[PDB]
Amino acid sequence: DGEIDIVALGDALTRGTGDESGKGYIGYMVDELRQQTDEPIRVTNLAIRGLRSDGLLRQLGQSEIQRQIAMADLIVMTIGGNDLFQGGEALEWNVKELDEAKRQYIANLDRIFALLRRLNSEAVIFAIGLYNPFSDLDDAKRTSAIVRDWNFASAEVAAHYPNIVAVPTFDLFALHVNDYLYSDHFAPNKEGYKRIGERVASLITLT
C-alpha cells in the first residue's frame, strides 16, 4: 500500500544472466513504470538460473514464497526454456523425449498458473515466451518449429486463466539473432534484454 510490488519468477532470463549491466529485462520494466508514477516500486526477484517448471511448482509450495506472491501487484515470469533445452546441446531430439518433456511442461504450467491465482486473485501475470537462439545454425527450421509449438501450447494454458498474458519474444530475436545473444549463444545480451523489457513495459499501464 503506497507501493507497487513486482514479483519476478522463473529461470535465467528473469535473473538477467547474460546482461553486461546488472539490468535484466526487469530493470527496463521498472524504468518505464518510474516514468508513469512517483509511487515507490519494489522488485522481489525469486528466479533461479537452472529452474524448470517442476522446480517453479515446488518453489511456489514454500510459505515464504507464497506470502510474497500474495502481496504482488504484478507478476512477471519466464519458465520452460530449461524444460526444452535441458542439455546435450538439444541432444534429446528424440521425438518421444520431446513429447514427454512438453506434456510435462504443459501439466506443470497449468498447476503453476492455478496456484498463483489461488495465492493472488487480482495481479496480472506476464508469462514471457521462448525465442530461438539457434535460428542461424544448421537445424534452424526444426528448432524454430519446436519453439513456436511450445509457445502455442503455453499460450493455450495461459488462456484458461483470467489476466494471464503470454508475452511473445520469438520475433525480437528473428533477424540477426547473434546481435542479441550473450557469448554462450543461449541467453540474451544488453540489447536482447532491452528489447524484452521494453516490450513487457509497453503492456503495463498504471492509472
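A residue's number is simply how far along the shown sequence it sits, counting from 1.
Asker: Mean C-alpha B factor from the entry: is it higher for 90-98 or for 106-114?
Answerer: Higher mean C-alpha B-factor: 90-98.
Asker: Ranking the modelled residues of this chain by C-alpha B-factor as given in the entry, is residue 24 in the lowest, middle or highest third?
Answerer: It belongs to the highest third of the chain when residues are ordered by C-alpha B-factor.
Asker: Once the chain's modelled residues are ordered by C-alpha B factor and cut into thirds, is residue 142 in the lowest, middle or highest one?
Answerer: Its C-alpha B-factor, which the entry lists for residue 142, ranks in the middle third among residues of this chain.
Asker: Where does residue 68 sit by CA temperature factor within its chain: lowest, middle or highest third?
Answerer: Answer is highest: the recorded C-alpha B-factor places it there.
Asker: Just say lowest, middle or highest third for the CA B-factor of residue 160 relative to the other modelled residues in its chain.
Answerer: Highest third - that is where residue 160 ends up once the chain's C-alpha B-factors are sorted.
Asker: What third of its chain's C-alpha B-factors does residue 17 belong to: lowest, middle or highest?
Answerer: It belongs to the highest third of the chain when residues are ordered by C-alpha B-factor.
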